[PDB]
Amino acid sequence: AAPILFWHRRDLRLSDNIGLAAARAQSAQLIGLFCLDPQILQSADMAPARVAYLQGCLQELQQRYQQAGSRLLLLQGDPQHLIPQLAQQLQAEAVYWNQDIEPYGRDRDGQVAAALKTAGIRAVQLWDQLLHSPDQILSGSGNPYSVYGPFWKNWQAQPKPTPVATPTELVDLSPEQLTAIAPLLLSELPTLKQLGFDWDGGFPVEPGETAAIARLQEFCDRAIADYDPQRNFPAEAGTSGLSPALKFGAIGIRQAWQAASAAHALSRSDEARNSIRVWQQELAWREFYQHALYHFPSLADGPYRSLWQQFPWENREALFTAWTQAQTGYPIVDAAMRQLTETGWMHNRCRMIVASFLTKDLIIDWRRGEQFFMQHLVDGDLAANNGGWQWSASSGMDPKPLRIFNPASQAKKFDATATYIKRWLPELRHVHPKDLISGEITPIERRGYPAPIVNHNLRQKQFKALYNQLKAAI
């Protein structure tokens, strides 16, 4: 008959889904689909933890569609070829999907839409992963924001959208329709191993829409009240752990905002009020970087500001390798890099410390780090990851005066008792917190733990010197 296809990408859930809800208001014969795109799966920048989480979200999505009344079609190959072909073989009334903010997703999308138009099939692309689309947040001159302050002021005043309905009572495809598309479908969802990946490090939140919704609710029912200042300490489990759920859309952005907003109204404590407002602003910061990537795609290429595109990066491979293997000799840095490679996630404060270290101390083009994070983070997200790294050098959006972190100061300030350090570096559990924080560990009491690969003070003078020299040469 007249079926509508909904194409899932970073919105692996049936609830609070803008494009999916819009599609259901047009037809009950709503068939979901996911395409295993080789340019994404085979990329050297794909993290095993991310594929594991992804695959897990899909397993649940298959069930959700089955329970709703239809199914989730699985495809493997090039999207602009396979999707139009599938829609045509199914005489699809339309193909729906939620818009991307990334260069690759957007280029692919324009190509799929054009192919659909040629075939005479409607393509509806709606905004779903942002509370406010990039086109809704503009300055008085109708231009995007490259400074957070003014962006936050606009974003904050905009009326917030609420969760949309979960589609129900769907009409599944018939055998004759299934025969028409048989050649384009995978019989079943490939396992992690079949895809050639392996992951056993766990997740910040179990895969799937259900687990994501449970975490959001558990966080907003208690821990969120102490977000500020518990968010600052890596040793403390004071954050939500929803990052991969937001990147892959296991949780909708409006459900998250609403749950936090309801907790704020329910709270009668000032401190709890503040903590919740702070968490909410985290979501605003997320949108700032996503809108930035949308408005200024060249950000993805590397250092944005002119001065930084010329910075003389030393690029000593040995130093980078030591960094990636947690063998830098700086406890707070190695404990963090170990948490990343072992669990596929890293506390935000630690991401800031290790990024600053790689860029300021090791003086390595931060792109090597941005790539290493993407190769390991279960929440690896271009907008946020690139935003985080441009930040380590003020080479992109919302720049700040030159500054260099001192691992020792950070460690003492955010891990004063060295609980997080000993947790991820158990072979140093015998050392005094004082020494793990300063990074000055006696050879005998250090065992096999390596000595500092660089002398912070000398690296700091070297970085500033290169900065001032180029600063002048311009």
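The first residue of the sequence shown is number 1, and the count goes up from there.
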### Query
Averaged over C-alpha atoms, is the B-factor higher for 197-205 or for 304-312 in this PDB entry?
304-312
### Summary
Between 18-26 and 457-465, the record assigns the higher mean Cα B factor to 457-465
### Task
Quick one: which of 436, 33, 40, 54 shows the highest Cα temperature factor in the PDB entry?
436
## Note on the structure
Of the residues 128, 107, 270, 379, the one whose Cα carries the largest B-factor in the deposited record is 270
### Message
By the recorded C-alpha temperature factor, relative to the other modelled residues in its chain, which third is residue 113 in?
### Response
middle
### Task
Would you mind ranking residue 418 by its C-alpha B-factor against the rest of the chain and naming the third, lowest, middle or highest?
highest
#### Entry: residue 237 - Cα temperature factor, lowest/middle/highest third of chain
highest
### Query
residue 407's Cα B-factor: lowest, middle or highest third of the chain?
highest
### Summary
For residue 374, the third of its chain by CA B-factor is the lowest
